[PDB]
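For clarity, chains are labelled A, B, C, D, E and F in written order, and residue numbers in each chain start from 1.
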């Protein structure tokens, strides 16, 4: 039926229905603007009024103004007639290529895969990125998390993965841009048309795009994470297919939450966040998963505010991943890209029974010398290298090489590194370190291992200097 | 009169009274429970309604349930027939031995011993624990406090205290476990029946037990200590006796107070304690005292939340003490139990005109050398040991000896240590250190002082470790 | 308990005119078929795409080396 | 100080607090009924096309709003010891509230008298009796005279159930 | 029978009616949804919904149950996987739940109990020697994420095979495993791990995860407790593992804040201590007059950057009878399982070992808190007297001992075997970089040869001068046969 | 495979089968004015028993 706006503040609006009253989650439809202004019920305040989160600007609304119930959730296009199309948070298309004629629809909200549907299929997914492979490998159909503070190189890394992975990949990929840079989208689009994962000519397109960037209202950023969610969901279930879900940046989802939780009228929780940060997340999060039916390999970039890895946002999210890659400004500032913290990135499959105890052994051997170097880090800073015992003078030099040989010039920042984009296969990864560790190379300069491919390019470099 | 529950959250029930509005503090009676439920009144919100704390869980209550104005404050089985008996928050016995039998009862909400009743006499109670006696002796009939972060040996200390001090004592002892571990009560009952300070047969029991552990509500914990002291307040004022009152853990009193404070209508204060942490403590420590009429040696143990001795709880507790033993994690971590900080522990009677110039001059000399060693501590361990003076490798040597000789195998800690208990008479402690200090053992190696009793027992380990 | 034991019978005077009405799943309309094909794809997935009625031949492979 | 006639309806807890007053202010002079009707009338002395330019008007204030309510009391059928529940809402700035204060006056009056349980499909049983569900039958005789997991959930789903005979 | 819904949002339904509803009594919803009363206020009952509150709408109908909340109990649960309310979710059709215990049970007071004497073995050298647990104890596992906090609790249940597939009816230990806050993808992968090693049979696994409603995580570890209370109150031995209380607390916070209960430290509510206190007291060692039955409880806490000042981690440590700390630092350093001896305590000490362990490791816990400090003082290359030259010359080898594989417990007998090797000084002359290829042999060599000695020590649980004598050669019969 | 190609079949059908029950019973009460008599019936047998 019909009801009216009685309160408006930011993205929170209060509608009064005399007849009937929409379930919590029903997309409402504002009647009176040149622009589809979906509200979304989130509360029943009583006195036959509901409280809703907008999905766009609310300049203009007035106390009065009619609203129609849609009788349903926000529902969007799903199916194969999405591949190649850019769609926004409510399904509307935004690549200015007409409408998205599609058989079926789905709602953005949805209960999550019951326990019986889970699958324990753990098979390694090689990236050709030395640190990731050697120390905390990604797992096929696993949840992956990229943690980073402003500017440490999440977006680059997600891109390199999209390249070393979703280019030679028989199967559908969905990319949800949640509250990041609009120009990064324009950039993706073009980059994927040229490379031809998207094709304007055909229906040979292998990717769907869902975008709600850092210029749109809380509501929109709040939700869009789920739009793109729903899409990937279909390709998994009604297609029992291999889905690749990339999000950037999942943080902006919790953030946007925070912006609204204030006026929804919850009482503030730790650090000002919404009371409901763990579940708000966890519902949404647990839908992103590989089930018996289909299979989603997820890769989410996670922003870390003020570099605070304990900020509730990043802090809570860790629970939800199977492999994590954590980026430190500290490292990046030493020109060690990709900026991966070797002692803080982990995978739930670094396990000899899964990766074969040559892998597991060279790993924890690097991970050891590094964390041995790291302990000396203090005495070296106050007294200097010389006060270091002879044994220890080495543990440094070797470690420092490892430190340097985990750097790897990506095929993207061929522009910042200038250097040619390498991709190193698990074998030569595992090998090279093993050698470095067994000190075949204590005769080579440090630099020799900074920014290279296999260990050859290392020993090779060392010559061109001499 | 009769009253009806109007509302109920967690541990705070409001009640409405047709006529008889009960005065704050007045214990109220919940009609209709399979086990007794009391509601200490806490305020008059007005319109004949009173907010209250429950002395047990409110699971079950219902809007309108019948409440009766017991007419006066919680009342307990104060009296001599409490010995050997495990009481509780409200009097009810819980060792399963049917009503405590006395016709004398006192409210647990008393006023406090006025100025003129204050006793100024203080004399050294020796404990045989070397560290306390040497550096911060407790005083017969004085407020003692045991400061400790979690796991540093606070509770064990108070055991070895009740073992030593409270056994060779022919007066009455009252141990009240406020807010800590139920396991540890059961644990003590039986040790205190093996020793038979509690005797199940005769009536030779010298120990009243009051209990309200970390399994009970905030209501309970907030008042368990008010009870156990009402109990020991009788044995003082009457007998003129020497009452030993142990509490563990007087911290849980303010914490408990914290938990309900929110629901009681309080803007929170610093660190988020009650705006009343201060006076709540005052009108309650000011009762655990010694009047002219009688004396109460008190041994409280205080939790230090996260070891921060400045946390408004342990912080405010210090004012109320005469002798404070403060426990150190960093010491314990070095294996030096009892982890007493020989430089944060203090007694009021550490006065040469009270303990003698030999005692005093010797304590302070130990305190000094340990402090000096603490000073060389980040020269040496980062810039070459033997770069020290001759004077200094000497004050290090002796210090580490002194520092270890300060440990003691406790009798209640054999289970952990591995050595048979011990106990040193004051004058053999003074002598022991006076010696080490004097340069008389600079030849015996370190470990020989680690965990021995009287000084000689180190000369023992001095050869046993040799050949 | 005596005016309810026969209202639970309005449920097999229909259960009857159904588990006997042969001629196809009753009154279906279009819906009935389409969906019984989507779940015919995904259920044809975890297993493979070959012939489910025949016994599979056998390609074999040598032992790799690390 | 004064004791209070809390009549077993109680109602609120926070706001219609004036109401809970006059079941006790009235029950001294037993003029409960004198007002049970007095209020009904004032409820519309204010819903006029002539009284809304103050009803919700922070423009005149507690000046000519209280002594302009010596009229709509003294004048009309009022002027008793109930011309005052106004003279309060007048001063205590809650004239904008009285409708709710009258509403509750009722729901507390008709619990000394009637009972309020309602039928399923239409009007009020007004079972004004000393016993609940005694006269619930003998007053609805003037109403004639005017199993497989899923099917389980889907049978209670019609019985006393849903959107059917509800309309 | 019950009444209206005033307003609904965020899992919090206000209700105008229910006038005779018990506080803490569970209501039921129009849509068939079980809720719960927690705020009995004058003019409404705030109710925490136990699931998706989309189905609820203003005006719906809420009906009393009369009951305080309760759950399925008893052996009819073993081998299953139930949500926080007892319902099965492993798709194997309901459990045989004749027994139905209440969640809101208070804990055993003073008398019903007896000093913890019963060895609860973990099969982890590290734990079973230096911080030994016993039946009735609460030993906290605390540590940063990915430190090994779980591969503790798992390695321990997987150890209870040995006892549960035998005769001795005391050594038997049934296991509950609450899983609060985790992701299903994991709960599962974990059950799969149990199942494989074959332990799932003796093990309830209550699971309230990420996506589950808020009050459902609040309640989960309680439910999983009642289920373990039965096993003790009926003369048997339970080991429940809450993993983790950190996530639970967070959940309780949500309910509490949404219920408009003014927030305290780090936003948590006042009783956030009471929460873990009360739950954790319910584990006890019942005295004979009550069954002899036990409930050992391993709560689990997760720290941020190591901060044990955090409201919670400090609370739970004040509660449990000791704890194991984890530390990523040691982990990568090679010390797996990363434990930090010196900082781990067991407030029950030897009172919970065999007199077989006790004899090899009863004053070695106060030795690896002094050999510790006495290698951190003389770190630098100089000179130290006749006394402290040796302590180091030993320890380095000893630590290489508690270095242990994963998903491979050990029976107490074998633990005493290797511990003996060193502690008596039969390793005091070997290069640490080998002390593993060594143990991995000398223990499969003295299982293939002398099931003899193990037989005794395993049974009488002690090393008589007899047993000891045999050892004194089986050892020696090896060092000289390798180096010398 | 067929362990499943028959599993979704016996269920799905039995969905439409037990669900088909609904729409034929909503037709039985809404229609049949003689299923408005069996209304006042069973229901007046409520007031009674309870008391």
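Simple rule for what comes next: a residue touches a chain if its C-beta (ideal position, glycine included) is under 8 Å from a C-beta of that chain, and two chains touch if they have at least 3 such contacts.
Engineer: Moving only between chains that touch, what is the shortest number of steps from chain A to chain F?
Structural biologist: Each step joins two touching chains, and the minimum needed here is 2.
Engineer: Determine which of the two chain pairs, D-E or B-E, is joined by the larger number of C-beta pairs in contact.
Structural biologist: B-E
Engineer: Based only on mean CA positions, could you tell me how far chain C sits from chain D in angstrom?
Structural biologist: Computed value for the inter-centroid distance: 59 Å.
Engineer: Just give me the whole-number Å value for how far the CA centre of chain C lies from that of chain E.
Structural biologist: 44
Engineer: How many angstrom lie between the centres of chain A and chain B, each centre taken as the mean Cα position?
Structural biologist: Averaging C-alpha atoms per chain gives centres 53 Å apart.
Engineer: Distance-wise, how many Å sit between the C-alpha centres of chain A and chain C, to the nearest whole number?
Structural biologist: The computed centroid separation for chain A versus chain C comes out at 38 Å.
Engineer: Would you pick out the residues of chain D that each touch at least 2 other chains?
Structural biologist: Each of 13, 151 in chain D touches at least two other chains.
Engineer: Chain F: which residues touch two or more other chains?
Structural biologist: Within chain F, residues 18, 21, 25 contact more than one other chain.
Engineer: Can you pull out the residues of chain B that are in contact with at least two other chains?
Structural biologist: 6-7
Engineer: Would you mind writing out the residues of chain A in touch with chain B in their complex?
Structural biologist: Counting only chain A, the residues touching chain B are 379, 382-383.
Engineer: Where on chain A does chain E make contact in their complex?
Structural biologist: Result: residues 21, 23-25, 42-46, 48, 51, 109, 111-116, 118-120, 122, 143, 266-270, 275-276, 278-279, 281-283, 285-287, 289-290, 309-310, 315, 318-320, 322, 343, 346, 348, 364, 367-368, 370-372, 375, 389 of chain A touch chain E.
Engineer: Mind listing the chain B positions that touch chain E in their complex?
Structural biologist: 6-11, 57-64, 86, 94-96, 150-151, 181-183, 185-187, 189-190, 211, 213-215, 217-218, 255, 258-263, 268, 271-272, 303, 305-306, 308, 333-335, 381, 384-386, 415-418, 445-447, 450, 465
Engineer: Name, in rising order, each residue of chain F that touches chain D in their complex.
Structural biologist: Interface residues on the chain F side: 14-15, 18-19, 21-22, 25-26, 29-30, 39-40, 44, 47-48, 50-51.
Engineer: Which residues of chain E touch chain D once you look at their complex with the stated criterion?
Structural biologist: Listed in rising order, the residues are 32, 41-43.
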